[PDB]
Amino acid sequence: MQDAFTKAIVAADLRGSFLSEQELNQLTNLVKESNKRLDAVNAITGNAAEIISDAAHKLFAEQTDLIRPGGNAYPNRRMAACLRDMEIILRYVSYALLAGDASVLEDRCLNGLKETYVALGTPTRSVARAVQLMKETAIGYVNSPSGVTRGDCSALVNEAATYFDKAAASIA
Amino acid sequence: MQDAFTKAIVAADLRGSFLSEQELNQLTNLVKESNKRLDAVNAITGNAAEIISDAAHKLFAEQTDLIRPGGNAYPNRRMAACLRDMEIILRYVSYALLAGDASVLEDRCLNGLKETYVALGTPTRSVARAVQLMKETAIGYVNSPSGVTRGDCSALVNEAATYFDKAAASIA
Amino acid sequence: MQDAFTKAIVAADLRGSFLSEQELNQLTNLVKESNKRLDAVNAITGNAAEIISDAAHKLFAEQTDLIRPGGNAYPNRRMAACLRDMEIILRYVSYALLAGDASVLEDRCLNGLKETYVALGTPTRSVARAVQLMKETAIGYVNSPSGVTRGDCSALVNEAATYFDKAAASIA
Amino acid sequence: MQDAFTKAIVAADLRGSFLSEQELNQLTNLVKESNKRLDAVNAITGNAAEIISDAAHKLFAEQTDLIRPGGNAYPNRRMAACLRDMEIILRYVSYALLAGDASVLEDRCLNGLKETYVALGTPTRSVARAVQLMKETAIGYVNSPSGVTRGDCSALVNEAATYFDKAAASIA
Amino acid sequence: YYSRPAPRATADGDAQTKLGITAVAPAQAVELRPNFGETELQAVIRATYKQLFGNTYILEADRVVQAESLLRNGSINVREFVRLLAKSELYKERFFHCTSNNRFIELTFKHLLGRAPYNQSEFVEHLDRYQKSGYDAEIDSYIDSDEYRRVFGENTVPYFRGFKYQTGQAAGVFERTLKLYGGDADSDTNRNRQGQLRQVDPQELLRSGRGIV
Amino acid sequence: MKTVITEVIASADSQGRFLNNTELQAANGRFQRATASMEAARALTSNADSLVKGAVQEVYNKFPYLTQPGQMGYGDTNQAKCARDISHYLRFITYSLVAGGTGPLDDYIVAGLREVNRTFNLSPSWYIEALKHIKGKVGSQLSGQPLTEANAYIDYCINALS
Amino acid sequence: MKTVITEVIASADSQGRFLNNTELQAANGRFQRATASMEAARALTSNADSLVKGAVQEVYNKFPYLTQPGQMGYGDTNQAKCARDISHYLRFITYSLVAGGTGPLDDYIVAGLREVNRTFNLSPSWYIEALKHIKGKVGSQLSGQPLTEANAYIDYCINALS
Amino acid sequence: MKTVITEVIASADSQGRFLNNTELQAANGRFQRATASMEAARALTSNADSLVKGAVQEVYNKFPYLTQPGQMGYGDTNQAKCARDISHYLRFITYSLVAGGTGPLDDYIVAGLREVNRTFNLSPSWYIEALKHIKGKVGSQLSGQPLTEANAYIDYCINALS
Amino acid sequence: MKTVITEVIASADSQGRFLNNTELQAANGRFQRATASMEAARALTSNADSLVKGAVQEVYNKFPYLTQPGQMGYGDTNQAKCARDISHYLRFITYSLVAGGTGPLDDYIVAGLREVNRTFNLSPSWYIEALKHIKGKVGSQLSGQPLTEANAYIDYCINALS
Ligand SMILES: *[C@H](C)[C@H]1/C(=C/c2[nH]c(/C=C3N=C(/C=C4\NC(=O)C(CC)=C4C)C(C)=C\3CCC(=O)O)c(CCC(=O)O)c2C)NC(=O)[C@@H]1C
Ligand SMILES: *[C@H](C)[C@H]1/C(=C/c2[nH]c(/C=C3N=C(/C=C4\NC(=O)C(CC)=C4C)C(C)=C\3CCC(=O)O)c(CCC(=O)O)c2C)NC(=O)[C@@H]1C
Ligand SMILES: *[C@H](C)[C@H]1/C(=C/c2[nH]c(/C=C3N=C(/C=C4\NC(=O)C(CC)=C4C)C(C)=C\3CCC(=O)O)c(CCC(=O)O)c2C)NC(=O)[C@@H]1C
Ligand SMILES: *[C@H](C)[C@H]1/C(=C/c2[nH]c(/C=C3N=C(/C=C4\NC(=O)C(CC)=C4C)C(C)=C\3CCC(=O)O)c(CCC(=O)O)c2C)NC(=O)[C@@H]1C
Ligand SMILES: *[C@H](C)[C@H]1/C(=C/c2[nH]c(/C=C3N=C(/C=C4\NC(=O)C(CC)=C4C)C(C)=C\3CCC(=O)O)c(CCC(=O)O)c2C)NC(=O)[C@@H]1C
Ligand SMILES: *[C@H](C)[C@H]1/C(=C/c2[nH]c(/C=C3N=C(/C=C4\NC(=O)C(CC)=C4C)C(C)=C\3CCC(=O)O)c(CCC(=O)O)c2C)NC(=O)[C@@H]1C
Ligand SMILES: *[C@H](C)[C@H]1/C(=C/c2[nH]c(/C=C3N=C(/C=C4\NC(=O)C(CC)=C4C)C(C)=C\3CCC(=O)O)c(CCC(=O)O)c2C)NC(=O)[C@@H]1C
Ligand SMILES: *[C@H](C)[C@H]1/C(=C/c2[nH]c(/C=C3N=C(/C=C4\NC(=O)C(CC)=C4C)C(C)=C\3CCC(=O)O)c(CCC(=O)O)c2C)NC(=O)[C@@H]1C
Ligand SMILES: *[C@H](C)[C@H]1/C(=C/c2[nH]c(/C=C3N=C(/C=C4\NC(=O)C(CC)=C4C)C(C)=C\3CCC(=O)O)c(CCC(=O)O)c2C)NC(=O)[C@@H]1C
Ligand SMILES: *[C@H](C)[C@H]1/C(=C/c2[nH]c(/C=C3N=C(/C=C4\NC(=O)C(CC)=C4C)C(C)=C\3CCC(=O)O)c(CCC(=O)O)c2C)NC(=O)[C@@H]1C
Ligand SMILES: *[C@H](C)[C@H]1/C(=C/c2[nH]c(/C=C3N=C(/C=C4\NC(=O)C(CC)=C4C)C(C)=C\3CCC(=O)O)c(CCC(=O)O)c2C)NC(=O)[C@@H]1C
């Protein structure tokens, strides 16, 4: 796979050089945040089921037709798929969040997804929507926990966002 | 897969509705013909070997070159294939005939057939010809059987034709 | 595989003979019962879920220890297996019932079941018990349906029993 | 798999009880030693290649016949297998050492080994010898490292021994 | 009362660990993915070699470099890699030329599908196949067959399906595969004393149905 | 989609052989039965609505608390849905009767049933009652084989749900 | 052995599911048909012999040279065999009718047909005539569905032989 | 059983390599954490009972109708069971904390959860409440990392149940 | 590339499950260690050169004949290479420390090591000495955990080389 650390390495390798002191300081800093980073992930995983459940409800309230005969989320079988998919995307996002890198998400998950959706006739727009719905709910938890030491998580929160968004974009 | 009944269902489903009474009456009558339908099929299956044997003879009388060195039906190995293929197509056609629907034929059998033939260099024209030759012989049996209650099979006969023709066309 | 008809054939074959007129009359009458036979099967299949559910409850009321920590039906995963197994056995029994012959049941289902159970350490006796519990419940339905023409099903009922019992015995 | 912690759990489970306070204190203490434990493992892994190399030399100096035509370690192919076996055994031992439990070793590594050795004709006694030779060399490193904080590792050292010995015994 | 150590007091794992099937029972499945790290490739390769050759030891010279390269370019799937290994001098030398066709069939069954042979007919279709056409056509019929495609159809290394209930299983696989597996250090080996011999006894096959042909 | 006709084709196709007498016999069976099947469908189709009302209703009697505020049965949206759903089940059952196989049921209703129900916290129980209540009503409008058929399919769902 | 009943079980079994309505429909078909099938068998069984004589005979008319010395048709042993064989075909076609599937025919006769025939230099052609001649005779003693059934099976062999 | 320690061994084993620095790092993680984990377990173990009572209770408040006659919550046997069950979940959660992995939970509780629950008509919902109520109580007796750990595991079940 | 973080993701991913507590524990381990690891890297990076000189040198002392004409150690080109190589080993060990896994080492250095070395007739032995000599020097500039880490990785290569 790849992640923040490995990445920097690779770059350095092609230059043929030891790591720049500047570059170390990226990683040094990254370490410091770890604890925050972790809790973020933990929050998602802990609430996973819910995140989805929630997002779905809202998705279907909005786009009533998806669940109507002839729509894409009908019948049961399809509905199931649609739920499953949402979850997957989430799963990956989390992965990325820990790694500190989009890659894993892009390569395993997003790559080719659009075209699939197209071929099937799945409306990419709606998919994207769902991803966002998820995003907001997820942040909700990341950002409002209980029994965690109070401090600033923004930096992480934004990175989280970005991941969700890469998803939204590539699907859309 | 699909067949006459299933099909009508599916249509109905997308409208989101119970089957119209009118529509039932299509199926109701379709049932009534069953017996005829069956005998038709039975006739083909019963004579299968022959149907082919016959068609082949005629095919090779016409296109002498196929069986000449350098032609497509030479040598033995190739010849074998060519016979096998004819048969298959037949087999499917029969299937369709029973189902009361082209689908099965199109999806399992015809789909990709042309392209194969092309890639190999098999002359699609000739293939099509063979299919027709078969058609005529087959009808021959369907229409002239022994021990069957006398009545009108035309309706079925024509549908049979159509199947053969879809075949001929898509191959060609 | 085998069934009532096929069986009689096979016998006849080894004698080298056409079927005895007497023997035909076995099959002739067997046919007549068909309708009864069928409904019997239908009844089982229709109530399947229940049959099991029921039997299980009773099984565990009796042998409390199975569900106690350290027992064979504990923990969940094991419990699941145990339920699954019951179902399977049932499934086969039904099959037999339709065939009108034990064979199918003996070969795929029973044969080597005992040994498996031994190797695992699953207590064969309890398994057998479960099978009986099932038996009784099942007969219950076979014998007391609604909307069926009233008549005598005993003959079938007993044969059903036998199947269950072969099961019980070979497992035990 | 299993290890020290998991094991204690399982025991507790069969009693059906929460963990005894006494029992926790076993695990609590076990944790404290971790650091020692780790370094032990590290020492083996670090020296692996050599451990083997060494043991082999000695093994073959002793049992000259193994390397003579007709012996078990001749020709090359066989010799290679024998080295390789030694490595595998070692590898496992290490694993165990970390886990704090023999199991892993017994199941994956030792299980079936005797019978194999028999079928091949490999002389179990010699195998056992090799295992010991390894043992001694290994302990050598575990017990005499450089740059580690000085303290008492005996406890670990002995447990290490035991693992080696279980190996020796089951093979033999 | 409803909570009390049962008198048996066997663990969950217990039943597997007593048989020695603890690793194979719900075996882990290794899949190659669309773009693979250098480690995923090397895991898959190790898992194939271990499963096809029956945990027998493959030296550094025995390995087949080309097949592994093609697997690295993406030019063949894992299912094709399996066929290349199976159709290979090395496989043929271990499980085919020294044994009897009855012995080989049960081996290939185990290697290419973790089960043992379900009944006697399975030997008929695979022995006649071999006389009619090659070894090669036989081997293909395995990988080509729907059961191979239905499970581990593509990009998944074959794993033992024995020791877990599989739909349409015959009874008495469980026991049969136990004869074939025989522990994590056991390996079927062309080169043991008394050669390569069937473990599955032929009378237990007939114990499952035997139709005509 | 699994119907009698599709299956025999499938089986024939797998072995790579023509439809012989064996399969036709089977087909014949499907067609003979149809007359009864078809009848049943006409009967359900007509009384649809009434069956639905009755069912939905029943469920509430059976599980009063559902209609309380803060529950699932509460507030019209949910009631509407509940209606819709039961109606869909009925439509598939009618479809199956006509198709002469469980096919339609399997693909629309059954496949993915569990997970849907889990994620939205629909309790199978409910549906079941609906069905049962239905079955009871149907047990008046129909008789003999037509009835028998109707049951089979209705049940098939009960079993799938449970 | 392939009969209607065995097949549906098989299919059910593979998928791992209970026999549902779909399969029973099929079964029903087999049973309804049986009455006709059974009748046909009683008719063949009775006239067996006569059919056999007639057939064997026919073959010789059709292929005079067979009866010449140094040929296969020549010398009683061979004639005896020839009789036997056709009787075997006759008994097995009857079995199939009753079993309600080609099964009996397939494994007993069709399987290995080719190679047997090749190694002993039995010309399929012969058998065929036998059958045809038979078919013709049967086409008198029987009528309606009973007839139809008889044909199906007789043919099935013709096709297998050719 | 999945714990940190078992996993790294597994991974090492698969690749066929010695435990190198990579894995030990991971192990170290497990051990450092343990101190907090262990603390949490001591706390749950002690208050077990009280947590259980409170939970069971809660469920009934949440779902009054359960205690009515003819329901599941009704009659002591059932209540006993209900108690038992919650206690098992707690025991595995404590086991997990100590083992330093979800392992214990997965193998005892989670695997086969669905089907058990389906066949006996245990509604996941219930369990969930139990857990939640627990979580709330635990959210007093514990604090900081110890707490965090307790949560993680409790949740893990919620997610599995739902 | 194999680091702690990548692995747990991989394992999680294979099973198809969310990262649960188990994996995070492991991750945590990696991060705690990093501080020491990072320190070690800063130390090696700085003294690189000096370590390299010393090593190359050593090798020659150890294997005098290399410097003789017609040998590998002889003529500047080769010496340059020899330097380069050891510098490559040095840079990559540093990468590993920082990455917190053997990954970098495995992929650059180890994979294909044997065959390269065979085809160009580089004797592993040499490299080894280089490393050892290094290890000895490093054993001064570093101390405690930082040291321990440095060793681990250095060794890992020794083992791979041998
Ligand atoms: C961020 C979204 C929210 C937030 C985070 C936050 N966390 C900490 C500190 C810690 N959090 C953890 C968490 C873990 N470390 C691990 O190893 C694991 C896996 C087992 C977890 C779950 C830890 C251990 C710490 C340090 C000690 C502590 O008591 O927290 C902080 C404090 C700053 C720091 O980086 O240490 C913060 C701010 N707090 C919020 O309110 C944000 C919404
Ligand atoms: C015969 C009327 C004509 C003919 C046929 C022919 N076909 C091949 C080879 C193939 N034909 C097929 C056919 C199919 N592919 C499918 O998907 C289906 C439907 C499901 C069929 C029927 C295929 C796959 C092949 C290639 C593989 C094979 O072994 O058959 C040949 C031989 C081609 C060769 O060069 O080997 C021939 C001759 N060609 C003629 O000359 C006739 C006009
Ligand atoms: C049409 C090409 C020819 C024709 C057909 C024809 N058939 C019938 C009636 C029947 N034929 C069958 C045959 C079967 N039914 C089955 O279940 C099976 C499978 C085992 C077969 C083969 C049956 C049972 C009937 C009903 C009774 C009967 O034979 O009469 C008819 C009569 C009309 C009707 O719809 O019933 C006809 C017209 N006859 C021709 O003239 C065509 C050449
Ligand atoms: C339930 C009534 C009793 C029970 C059952 C039980 N079975 C297992 C495990 C297995 N069961 C089977 C059995 C089958 N394999 C087959 O082929 C067939 C039909 C031919 C059956 C019925 C198998 C193979 C297993 C092992 C693999 C698997 O889990 O699928 C268990 C679990 C024991 C274990 O450790 O695996 C149990 C509990 N035992 C009872 O306590 C009940 C009385
Ligand atoms: C026996 C356990 C019970 C019983 C049965 C019973 N059934 C009939 C008659 C029929 N049953 C059926 C059922 C089917 N036929 C089929 O083809 C199928 C598959 C689609 C089924 C399910 C049919 C059609 C008949 C004929 C018409 C009818 O309903 O009667 C009888 C009557 C006697 C007979 O020989 O037919 C009986 C007695 N009766 C009992 O005592 C039990 C309740
Ligand atoms: C070396 C110390 C002594 C020795 C060993 C030896 N072993 C073999 C052959 C095999 N060894 C094994 C064993 C294992 N497979 C495993 O996975 C494990 C660990 C889980 C072990 C330990 C196996 C399976 C074989 C067969 C390998 C194959 O078939 O390729 C040999 C070679 C014997 C032969 O004829 O192949 C030897 C020599 N024997 C000695 O003489 C040493 C004292
Ligand atoms: C025992 C065989 C020899 C020995 C060991 C010893 N080690 C320590 C302490 C530590 N060793 C480590 C090592 C690690 N911790 C990790 O996280 C990892 C993997 C990344 C390793 C390799 C650590 C961190 C410590 C703590 C600090 C230190 O190294 O001093 C001790 C001290 C006792 C204690 O920590 O409780 C001892 C005794 N020393 C010997 O002389 C034995 C032969
Ligand atoms: C009726 C007995 C109870 C009830 C049910 C109810 N259902 C939903 C939501 C859904 N129900 C379904 C069911 C289906 N949708 C399909 O596509 C099919 C196959 C044709 C079925 C059977 C689905 C998928 C949903 C989810 C989303 C949707 O909009 O349909 C609800 C709403 C719950 C929610 O959170 O959305 C309810 C309440 N309503 C009642 O009054 C009874 C208690
Ligand atoms: C009749 C048209 C010609 C003829 C027949 C004839 N048959 C044989 C030898 C065999 N006949 C069979 C056929 C069957 N045996 C079976 O088991 C079955 C399936 C149930 C069949 C159809 C067999 C197998 C043999 C070969 C071995 C044997 O002796 O049984 C011969 C003898 C040929 C020889 O000995 O090489 C003959 C002559 N005889 C005639 O007059 C016709 C030309
Ligand atoms: C409590 C929230 C509700 C309740 C529950 C209840 N459960 C059962 C029966 C079982 N529950 C389980 C669950 C488990 N058993 C295990 O071994 C494990 C893993 C450790 C779990 C989680 C099981 C397996 C059973 C079935 C076996 C048995 O009979 O014990 C019942 C009885 C169900 C019945 O139909 O008899 C009940 C009532 N009880 C309440 O009051 C709440 C509504
Ligand atoms: C130093 C101990 C001895 C020495 C070195 C020497 N090396 C080569 C050639 C190569 N060295 C390497 C090594 C690496 N290249 C890499 O990319 C990596 C991994 C990133 C390593 C470790 C390689 C690949 C080569 C071959 C390519 C090349 O020749 O440049 C030589 C050349 C030998 C020859 O016959 O050409 C030499 C001499 N020489 C000394 O002074 C020491 C004895």
# chains A, B, ... in the order shown; residues from 1 in each chain; ligands from 1
$ interface_residues --of "chain A" --to "chain I" --cutoff "10 Å" --atoms "only C-alpha atoms" --output "compact mmCIF listing (two decimals) with N, CA, C and O atoms, in the first residue's frame"
# COMPACT_ATOMS: atom_id res chain seq x y z
N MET A 1 0.87 -1.22 0.00
CA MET A 1 0.00 0.00 0.00
C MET A 1 0.89 1.25 0.00
O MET A 1 2.06 1.18 -0.35
N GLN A 2 0.33 2.37 0.45
CA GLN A 2 1.11 3.56 0.75
C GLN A 2 0.51 4.27 1.95
O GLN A 2 -0.67 4.08 2.27
N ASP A 3 1.34 5.11 2.57
CA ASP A 3 0.86 6.02 3.60
C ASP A 3 1.86 7.16 3.73
O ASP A 3 2.93 7.13 3.12
N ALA A 4 1.51 8.13 4.58
CA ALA A 4 2.26 9.37 4.69
C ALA A 4 3.76 9.11 4.75
O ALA A 4 4.52 9.69 3.97
N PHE A 5 4.19 8.26 5.70
CA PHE A 5 5.60 7.98 5.89
C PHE A 5 6.20 7.44 4.61
O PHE A 5 7.00 8.11 3.96
N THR A 6 5.74 6.23 4.24
CA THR A 6 6.26 5.51 3.10
C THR A 6 6.42 6.47 1.93
O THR A 6 7.48 6.53 1.31
N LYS A 7 5.37 7.24 1.67
CA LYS A 7 5.35 8.20 0.58
C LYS A 7 6.62 9.05 0.57
O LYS A 7 7.37 9.05 -0.41
N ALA A 8 6.82 9.79 1.67
CA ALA A 8 7.93 10.71 1.76
C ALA A 8 9.22 9.99 1.42
O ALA A 8 10.02 10.49 0.63
N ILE A 9 9.39 8.80 2.01
CA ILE A 9 10.51 7.93 1.68
C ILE A 9 10.65 7.88 0.17
O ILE A 9 11.68 8.26 -0.37
N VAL A 10 9.62 7.37 -0.49
CA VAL A 10 9.71 7.05 -1.90
C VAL A 10 10.25 8.26 -2.65
O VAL A 10 11.24 8.16 -3.38
N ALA A 12 12.01 10.72 -1.59
CA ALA A 12 13.41 10.87 -1.23
C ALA A 12 14.28 9.93 -2.05
O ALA A 12 15.36 10.30 -2.48
N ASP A 13 13.78 8.70 -2.23
CA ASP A 13 14.56 7.67 -2.89
C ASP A 13 14.93 8.07 -4.32
O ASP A 13 16.05 7.81 -4.76
N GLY A 16 17.51 10.23 -4.59
CA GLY A 16 18.67 9.39 -4.30
C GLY A 16 19.32 9.78 -2.98
O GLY A 16 20.48 9.44 -2.72
N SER A 17 18.55 10.49 -2.15
CA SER A 17 19.10 11.25 -1.05
C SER A 17 18.55 10.74 0.28
O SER A 17 17.50 10.09 0.32
N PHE A 18 19.26 11.06 1.36
CA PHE A 18 18.72 10.97 2.70
C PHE A 18 17.52 11.90 2.78
O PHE A 18 17.38 12.81 1.97
N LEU A 19 16.65 11.66 3.76
CA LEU A 19 15.52 12.54 3.97
C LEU A 19 16.01 13.93 4.37
O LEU A 19 16.91 14.06 5.21
N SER A 20 15.40 14.94 3.74
CA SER A 20 15.59 16.34 4.10
C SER A 20 15.20 16.56 5.56
O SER A 20 14.27 15.91 6.04
N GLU A 21 15.89 17.48 6.23
CA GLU A 21 15.57 17.77 7.63
C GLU A 21 14.15 18.35 7.67
O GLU A 21 13.32 17.93 8.47
N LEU A 24 11.64 15.45 7.52
CA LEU A 24 11.52 14.83 8.83
C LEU A 24 10.51 15.60 9.66
O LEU A 24 9.63 14.99 10.25
N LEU A 27 7.03 14.67 9.38
CA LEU A 27 6.73 13.39 9.99
C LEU A 27 6.76 13.55 11.51
O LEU A 27 5.83 13.13 12.19
N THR A 28 7.79 14.23 12.02
CA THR A 28 7.91 14.48 13.45
C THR A 28 6.60 15.03 13.99
O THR A 28 6.06 14.54 14.97
N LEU A 30 3.65 14.96 12.49
CA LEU A 30 2.59 14.00 12.24
C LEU A 30 2.46 13.07 13.44
O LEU A 30 1.35 12.78 13.86
N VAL A 31 3.60 12.59 13.93
CA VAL A 31 3.66 11.74 15.11
C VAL A 31 2.90 12.40 16.26
O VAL A 31 2.01 11.79 16.86
N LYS A 32 3.25 13.66 16.53
CA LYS A 32 2.71 14.38 17.67
C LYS A 32 1.18 14.34 17.67
O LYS A 32 0.56 14.18 18.73
N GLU A 33 0.59 14.44 16.48
CA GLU A 33 -0.85 14.47 16.34
C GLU A 33 -1.46 13.07 16.54
O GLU A 33 -2.62 12.96 16.89
N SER A 34 -0.67 12.03 16.30
CA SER A 34 -1.13 10.65 16.34
C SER A 34 -2.34 10.51 17.25
O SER A 34 -3.43 10.19 16.78
N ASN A 35 -2.14 10.74 18.55
CA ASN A 35 -3.20 10.48 19.51
C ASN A 35 -4.52 11.05 18.99
O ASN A 35 -5.51 10.33 18.93
N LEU A 38 -5.70 9.03 16.01
CA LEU A 38 -6.31 7.78 16.41
C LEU A 38 -7.75 7.99 16.84
O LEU A 38 -8.65 7.40 16.26
N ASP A 39 -7.97 8.83 17.85
CA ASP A 39 -9.31 9.03 18.38
C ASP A 39 -10.29 9.31 17.25
O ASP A 39 -11.42 8.83 17.29
N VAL A 41 -10.27 8.28 14.10
CA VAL A 41 -10.60 6.99 13.52
C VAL A 41 -11.55 6.25 14.45
O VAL A 41 -12.63 5.85 14.04
N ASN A 42 -11.13 6.07 15.70
CA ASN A 42 -11.90 5.33 16.67
C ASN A 42 -13.36 5.79 16.63
O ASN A 42 -14.26 4.96 16.65
N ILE A 44 -15.14 7.17 14.24
CA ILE A 44 -15.85 6.70 13.06
C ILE A 44 -16.25 5.24 13.26
O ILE A 44 -17.43 4.92 13.24
N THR A 45 -15.24 4.39 13.44
CA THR A 45 -15.45 2.96 13.59
C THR A 45 -16.53 2.68 14.63
O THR A 45 -17.40 1.83 14.42
N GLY A 46 -16.44 3.36 15.77
CA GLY A 46 -17.38 3.16 16.86
C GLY A 46 -18.82 3.41 16.42
O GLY A 46 -19.74 2.73 16.88
N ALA A 48 -19.90 3.58 13.20
CA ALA A 48 -20.10 3.19 11.81
C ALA A 48 -21.57 2.94 11.50
O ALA A 48 -22.20 3.76 10.85
N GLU A 87 -21.35 1.82 2.94
CA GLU A 87 -20.47 1.31 3.98
C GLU A 87 -19.04 1.19 3.45
O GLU A 87 -18.15 1.83 3.97
N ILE A 88 -18.83 0.41 2.39
CA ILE A 88 -17.49 0.20 1.87
C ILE A 88 -16.76 1.52 1.80
O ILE A 88 -15.73 1.70 2.44
N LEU A 90 -17.12 4.19 3.19
CA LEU A 90 -16.78 4.62 4.53
C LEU A 90 -15.53 3.90 5.02
O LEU A 90 -14.53 4.52 5.36
N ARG A 91 -15.61 2.58 5.05
CA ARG A 91 -14.51 1.74 5.47
C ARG A 91 -13.20 2.29 4.93
O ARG A 91 -12.29 2.59 5.69
N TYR A 92 -13.12 2.46 3.62
CA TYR A 92 -11.90 2.95 3.01
C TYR A 92 -11.53 4.28 3.62
O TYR A 92 -10.46 4.41 4.21
N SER A 94 -12.05 5.69 6.35
CA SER A 94 -11.39 5.44 7.62
C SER A 94 -9.95 5.02 7.36
O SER A 94 -9.03 5.71 7.79
N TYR A 95 -9.74 3.93 6.62
CA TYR A 95 -8.39 3.45 6.36
C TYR A 95 -7.49 4.63 6.05
O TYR A 95 -6.50 4.85 6.74
N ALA A 96 -7.85 5.38 5.01
CA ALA A 96 -7.05 6.52 4.59
C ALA A 96 -6.72 7.37 5.80
O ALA A 96 -5.57 7.65 6.07
N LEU A 98 -6.40 6.93 8.84
CA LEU A 98 -5.34 6.41 9.67
C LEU A 98 -3.99 6.54 8.96
O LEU A 98 -3.03 7.02 9.54
N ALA A 99 -3.94 6.06 7.72
CA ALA A 99 -2.71 6.07 6.95
C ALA A 99 -2.14 7.48 6.87
O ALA A 99 -0.93 7.67 6.91
N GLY A 100 -3.04 8.47 6.77
CA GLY A 100 -2.65 9.84 6.52
C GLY A 100 -2.39 10.04 5.03
O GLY A 100 -1.54 10.85 4.64
N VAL A 104 -4.65 4.53 -0.67
CA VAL A 104 -5.44 3.34 -0.38
C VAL A 104 -6.87 3.53 -0.87
O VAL A 104 -7.40 2.66 -1.56
N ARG A 108 -7.84 1.13 -4.25
CA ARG A 108 -8.69 -0.01 -3.99
C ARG A 108 -10.14 0.36 -4.30
O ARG A 108 -10.87 -0.43 -4.89
$ residues_near_ligand --ligand "ligand 6" --cutoff "7 Å" --atoms "only C-alpha atoms and all ligand atoms" --output "MDAnalysis selection string"
(chainID D and resid 66 72:73 78:79 81:83 85:86 88:89 108:110 113 116:117 120 122:123 126:127 130) or (chainID E and resid 55:58 184:187 189 191:192)
$ atom_distance --atom1 "atom CA of residue E:40" --atom2 "atom CA of residue I:107"
12.4 Å
$ interface_residues --of "chain E" --to "chain I" --cutoff "9 Å" --atoms "only C-alpha atoms" --output "PyMOL selection string"
chain E and resi 28-31+37-39
$ residues_around --residues "stretch 136-138 of chain E" --least-positions-apart "6" --cutoff "12 Å" --atoms "only C-alpha atoms" --output "VMD selection string"
chain E and resid 83 to 89 91 to 92 96 101 104 to 105 108 to 109 123 125 to 130 144 to 145
$ interface_residues --of "chain A" --to "chain B" --cutoff "10 Å" --atoms "only C-alpha atoms" --output "list in words"
residues 68, 69, 70 and 71 of chain A
$ write_last_selection --atoms "N, CA and C atoms" --output "compact mmCIF listing (two decimals), in the first residue's frame"
# COMPACT_ATOMS: atom_id res chain seq x y z
N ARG A 68 -38.76 3.74 -5.46
CA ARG A 68 -39.99 3.40 -6.15
C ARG A 68 -39.70 2.35 -7.20
N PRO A 69 -40.68 1.51 -7.58
CA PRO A 69 -40.47 0.54 -8.64
C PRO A 69 -39.96 1.28 -9.86
N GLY A 70 -38.91 0.74 -10.48
CA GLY A 70 -38.28 1.36 -11.63
C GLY A 70 -37.04 2.18 -11.25
N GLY A 71 -36.95 2.58 -9.97
CA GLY A 71 -35.81 3.32 -9.47
C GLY A 71 -34.62 2.39 -9.28
